[PDB]
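One structure is given below, encoded as structure tokens.
No value in this document is a laboratory result; all are computed from the given coordinates. As a convention, Cβ positions derive from the backbone with ideal geometry for all residues, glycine included, and neighbour counts pool all protein chains shown.
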Amino acid sequence: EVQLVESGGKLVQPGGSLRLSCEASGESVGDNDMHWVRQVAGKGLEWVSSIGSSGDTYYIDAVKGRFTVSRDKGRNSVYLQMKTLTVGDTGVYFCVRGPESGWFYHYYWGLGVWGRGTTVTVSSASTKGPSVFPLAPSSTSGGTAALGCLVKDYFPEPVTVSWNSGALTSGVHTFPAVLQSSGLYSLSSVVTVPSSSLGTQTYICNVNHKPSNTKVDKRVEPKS
Amino acid sequence: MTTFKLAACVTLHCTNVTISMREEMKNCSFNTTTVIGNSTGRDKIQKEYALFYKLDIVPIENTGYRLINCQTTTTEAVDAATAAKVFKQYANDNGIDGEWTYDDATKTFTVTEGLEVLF
Amino acid sequence: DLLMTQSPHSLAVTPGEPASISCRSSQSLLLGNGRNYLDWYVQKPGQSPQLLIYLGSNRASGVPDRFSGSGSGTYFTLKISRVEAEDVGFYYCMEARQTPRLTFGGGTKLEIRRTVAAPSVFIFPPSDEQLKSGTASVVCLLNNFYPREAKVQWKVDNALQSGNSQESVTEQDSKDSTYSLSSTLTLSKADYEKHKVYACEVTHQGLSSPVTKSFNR
Ligand SMILES: *[C@@H]1O[C@H](CO)[C@@H](O[C@@H]2O[C@H](CO)[C@@H](O[C@@H]3O[C@H](CO[C@H]4O[C@H](CO[C@H]5O[C@H](CO)[C@@H](O)[C@H](O)[C@@H]5O)[C@@H](O)[C@H](O[C@H]5O[C@H](CO)[C@@H](O)[C@H](O)[C@@H]5O)[C@@H]4O)[C@@H](O)[C@H](O[C@H]4O[C@H](CO)[C@@H](O)[C@H](O)[C@@H]4O)[C@@H]3O)[C@H](O)[C@H]2NC(C)=O)[C@H](O)[C@H]1NC(C)=O
Ligand SMILES: *[C@@H]1O[C@H](CO)[C@@H](O[C@@H]2O[C@H](CO)[C@@H](O[C@@H]3O[C@H](CO[C@H]4O[C@H](CO[C@H]5O[C@H](CO)[C@@H](O)[C@H](O)[C@@H]5O)[C@@H](O)[C@H](O[C@H]5O[C@H](CO)[C@@H](O)[C@H](O)[C@@H]5O)[C@@H]4O)[C@@H](O)[C@H](O[C@H]4O[C@H](CO)[C@@H](O)[C@H](O)[C@@H]4O)[C@@H]3O)[C@H](O)[C@H]2NC(C)=O)[C@H](O)[C@H]1NC(C)=O
Ligand SMILES: *[C@@H]1O[C@H](CO)[C@@H](O[C@@H]2O[C@H](CO)[C@@H](O[C@@H]3O[C@H](CO[C@H]4O[C@H](CO)[C@@H](O)[C@H](O)[C@@H]4O)[C@@H](O)[C@H](O[C@H]4O[C@H](CO)[C@@H](O)[C@H](O)[C@@H]4O)[C@@H]3O)[C@H](O)[C@H]2NC(C)=O)[C@H](O)[C@H]1NC(C)=O
Ligand SMILES: *[C@@H]1O[C@H](CO)[C@@H](O)[C@H](O)[C@H]1NC(C)=O
């Protein structure tokens with residue numbers, strides 16, 4: 001059973017360079033075509049590059065001459081060196097295991113194995129940890145009560161939000177991040193709970209934004 | 001005792017030739033390896049392709065093709081039940097497993113390998 | 001180069017009924033072996049893509065027989081005979097004739113239809129903690145509603161707001177088939193303390209008329 005793990009994605013200045021990695025676990029991918037495909041805003045797919053078993057490489061015209069792909073069969077890994085980056089290169093990058101090179105005319109079974117993806121952000125903006133404010137339950141009723149917490153003014157993505165260290169999942173809505181006019185992101189995480197539990201249950205929203213090394217636990221309690 | 005045969009064929013995956021006319025030849029892949037008999041241990045399997053004609057190729061009707069004449073090997077036994085044990089043991093000793101089929105009209109055990117071990 | 005065009009961009013279907021999606025290539029995908037090199041993939045919310053159909057019409061391992069692919073040459077169609085809630089997500093076709101070079105279609109959004117559900121509206125004022133830092137964010141929440149279309153307007157002292165609010169909507173809940181939406185009005189501390197009455201006004205198909213929530217600072 002193969003598993004792909006991409007890494008190296010981070011915030012980089014325009015014109016800078018960055019090195020992406022695809023680690024294969026559980027099998028050798030030495031004789032397989034390996035592909036790099038990007039996706040913007042978790043929506044849409046664009047094939048970017050590929051490398052064959054013999055080291056032959058293939059690129060789209062928009063990145064030709066600027067991106068270079070390589071692989072290490074002793075390490076069972078693939079790498080993507082990128083230089084003179086532009087804002088058009090921002091996006092999530094997936095590494096995909098393809099068929100064995102050159103044999104597709106006889107054996108083709110589709111693109112079976114995909115990595116988790118690594119996030120690339122091309123911007124001159126600085127890394128900024130978010131401010132987390134409670135969205136406390138209000139005189140928000142109707143048998144069911146709603147409460148939440150607000151993650152405001154952070155950069156770049158991603159932010160992860162759990163509730164009570166992941167113990168609370170039912171009724172949870174974590175909204176997609178929205179880019180503010182300032183260039184910083186913001187999002188909210190909300191949960192609906194029995195109105196009767198507000199006095200007895202502690203509600204803590206757990207935000208992790210590792211790009212800024214921010215780990216925040218927020219207590220959420222009634223206001224008045 | 002009767003004399004029984006054991007045809008050891010290799011599974012060929014044939015396809016039409018690409019754009020290139022002689023349109024009765026074929027493009028066909030198969031698997032191959034090479035090992036050492038007394039050390040053993042087994043080794044990585046390489047793939048390979050070649051071209052043949054529709055004559056040398058016979059499919060098993062499923063679309064697995066094979067050669068028309070394979071590596072035969074015979075013995076002398078009483079009935080089919082004994083030559084079964086003997087030949088299966090022989091194939092387990094010499095690294096052959098695959099499509100076992102017994103043609104009684106010719107006393108032949110056709111086994112398709114899908115692999116080609118060598119020593 | 002080569003181009004792959006999907007249609008439609010999105011569709012909503014009632015569970016149990018079929019769905020049909022079309023992928024058209026600018027060039028023929030049939031090769032000398034008589035197999036068409038066209039695949040169908042699905043990407044569910046929060047997950048990586050996973051193969052559905054390979055080589056035009058062959059179901060991938062683990063895929064139930066409700067899914068079928070047809071077509072040839074330059075026109076291909078993916079059909080789901082009976083849609084279930086678990087099928088919501090994004091569907092992409094992919095050409096592999098140029099292997100190792102590939103081209104994906106634009107993708108098609110598959111949503112699930114259900115009965116109209118009116119939103120549960122809540123309003124949250126800014127916390128004193130945020131007010132300290134010089135900013136005030138007011139949040140208006142629409143919870144578990146369908147369909148997704150809804151208009152939220154902000155009013156400060158009965159003055160309609162524009163340009164100072166942003167909305168975010170969840171993907172359809174793959175279990176109850178509802179949406180949730182947030183509208184955030186962001187003001188400075190001084191501006192927030194200049195006014196008294198704050199309200200969000202919600203218009204939705206499930207409501208007989210717009211619903212207004214408000215509070216006094
Ligand atoms: C020479 O040796 C090779 C290697 O053994 C052999 O290749 C096999 O060929 C047969 C058919 O000839 C294949 O059978 C088909 O398999 C299809 C599924 O293939 C995909 O899934 C495979 C599953 O493996 C996963 O699970 C195992 C089990 O736990 C796990 O170990 C693995 O690690 C993995 O997680 C996968 O291995 C396979 O990988 C191939 O393809 C990818 C992409 O091209 C490539 O990256 C790999 O390197 C490899 O080439 C692939 O991802 C299945 O859909 C298909 O079903 C259709 O056909 C059958 C009948 O053929 C119908 O019954 C069915 O209804 C469908 O119509 C079929 O079952 C088998 O998968 C191959 N295995 C490999 C490893 O390649 C060659 O055949 C040998 N040659 C000869 C002449 O014998
Ligand atoms: C019968 O069927 C066979 C199939 O088994 C077919 O032979 C193959 O046909 C396909 C399609 O034409 C060829 O696929 C092309 O591959 C191009 C890249 O090739 C590189 O990789 C190949 C696979 O690597 C294997 O072999 C190497 C050993 O060389 C090994 O290290 C690997 O690990 C792996 O095992 C390799 O064979 C190939 O070798 C070439 O170069 C070496 C010199 O380094 C030389 O020794 C060889 O003789 C050969 O010239 C090379 O290393 C790939 O770029 C190409 O796709 C491009 O062109 C298409 C055209 O439109 C574009 O669409 C695409 O975007 C790319 O730009 C194509 O995919 C395959 O290489 C053939 N050979 C094989 C598989 O061994 C026969 O032609 C068929 N015959 C008939 C009559 O039908
Ligand atoms: C029947 O049995 C005899 C031995 O009893 C085998 O002869 C042996 O053959 C193996 C395989 O060729 C040899 O093992 C190989 O040794 C290489 C180095 O050999 C030197 O060192 C040894 C030990 O000191 C000396 O005895 C020898 O004379 C040489 O001076 C290694 O480099 C080999 O590893 C590499 O090649 C193999 C090839 O498959 C790869 O798989 C490996 O990954 C690696 O790349 C290998 O280990 C062994 O040395 C031989 N013995 C003798 C006494 O010479 C016969 O081969 C065997 N039957 C058959 C059919 O071969
Ligand atoms: C391959 O060619 C033969 C004749 O040479 C023909 O009968 C067959 O239909 C062809 N196969 C495909 C897939 O076109």
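Quick look at the numbers
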read-out: Number of positions in the stretch A:170-201 that are more than 16 Å from residue C:171 (Cα to Cα) and either of a type in the set (A, V, I, L, M) or outside any strand (DSSP E or B) (or both); value: 14
read-out: Near pairs, Cβ below 9 angstrom, 6+ apart or cross-chain, from the stretch B:34-47 (within 24 Å of residue A:30 (Cα to Cα) and more than 10 Å from ligand 3 (Cβ to nearest atom)) to any residue that is of a type in the set (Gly, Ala, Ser) and not in a loop (DSSP other than H, G, I, E, B); value: B:47/B:29
read-out: Qualifying residue in the stretch A:132-150 (condition: facing chain C (nearest Cβ under 9 Å), under 20 Å from the mean Cα position of the chain (by Cα) and surrounded by fewer than 19 Cβ atoms within 10 Å (Cβ to Cβ)); value: no
read-out: The stretch A:100-127: number of residues that are in a strand (DSSP E or B) and either away from every other protein chain (no Cβ under 14 Å) or surrounded by fewer than 20 Cβ atoms within 10 Å (Cβ to Cβ) (or both); value: 5
read-out: Contacts under 7 angstrom Cβ, first residue in the stretch B:9-21 being near ligand 4 (Cβ under 10 Å from one of its atoms), partner part of a loop (DSSP other than H, G, I, E, B), 6 or more apart; value: B:15/A:105; B:15/A:106; B:15/C:33; B:16/C:32; B:16/C:33; B:16/C:34; B:17/C:32
read-out: Identity of the residue in the stretch B:60-92, hydroxyl-bearing (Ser, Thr, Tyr) and in a strand (DSSP E or B), that ends up surrounded by the fewest Cβ atoms within 10 Å (Cβ to Cβ); value: B:74
read-out: Unique match (being surrounded by 16 or more Cβ atoms within 10 Å (Cβ to Cβ), more than 19 Å from residue C:179 (Cα to Cα) and not basic (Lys, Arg)) among A:173, A:209; value: A:209
read-out: Pairs where the first residue, in the stretch C:58-72, is within 12 Å of chain A (Cβ to nearest Cβ) and farther than 18 Å from residue C:84 by Cα and the second is β-branched (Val, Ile, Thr) and away from ligand 2 (no atom under 16 Å from the Cβ), C-beta under 9 Å, 6+ apart; value: C:60/C:53
read-out: Single unsatisfied condition, residue C:178 versus (1) crowded, with 17+ Cβ neighbours inside 10 Å; (2) in contact with a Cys (Cβ under 9 Å, 6 or more places away or on another chain); value: (2)
read-out: Any chance residue B:3 is assigned to a strand (DSSP E or B), over 18 Å from the mean Cα position of the chain (by Cα) and either away from chain C (no Cβ under 14 Å) or within 16 Å of ligand 4 (Cβ to nearest atom) (or both); value: yes
read-out: Residues satisfying the stated conditions in the stretch A:151-169, i.e. part of a strand (DSSP E or B), more than 9 Å from chain C (Cβ to nearest Cβ) and under 15 Å from residue A:131 (Cα atoms); value: A:151, A:154, A:155, A:160, A:161
read-out: Residue list for the stretch B:8-21, filter: surrounded by fewer than 18 Cβ atoms within 10 Å (Cβ to Cβ) and more than 14 Å from every other protein chain (Cβ to nearest Cβ); value: none
read-out: Flag for residue A:58 being within 10 Å of another protein chain (Cβ to nearest Cβ) and assigned to a strand (DSSP E or B); value: yes
read-out: Qualifying residues in the stretch B:23-33 (those that are surrounded by 10 or more Cβ atoms within 10 Å (Cβ to Cβ) and within 11 Å of ligand 2 (Cβ to nearest atom)) - the one farthest from residue B:111 (Cα to Cα); value: B:25
read-out: Residue C:76 vs. criteria part of a strand (DSSP E or B), within 8 Å of chain A (Cβ to nearest Cβ) and either within 26 Å of the chain's Cα centre (by Cα) or under 23 Å from residue A:109 (Cα atoms) (or both); value: no
read-out: Extreme residue, farthest from ligand 2 (Cβ to nearest atom), among residues of the stretch B:34-60 that are of a type in the set (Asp, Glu) and more than 16 Å from residue B:119 (Cβ to Cβ); value: B:56
read-out: Qualifying residues in the stretch A:20-48 (those that are of a type in the set (D, E, K, R) and over 22 Å from residue A:10 (Cβ atoms)) - the one surrounded by the most Cβ atoms within 10 Å (Cβ to Cβ); value: A:33
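For (1) within 14 Å of chain A (Cβ to nearest Cβ); (2) away from ligand 1 (no atom under 16 Å from the Cβ); (3) not β-branched (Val, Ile, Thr), each residue gets a yes or a no:
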site: B:26; (1), (2), (3): yes, no, yes
site: B:45; (1), (2), (3): yes, no, no
site: B:58; (1), (2), (3): no, no, no
site: B:61; (1), (2), (3): no, no, yes
site: B:66; (1), (2), (3): no, no, yes
site: B:73; (1), (2), (3): no, yes, no
site: B:76; (1), (2), (3): no, yes, yes
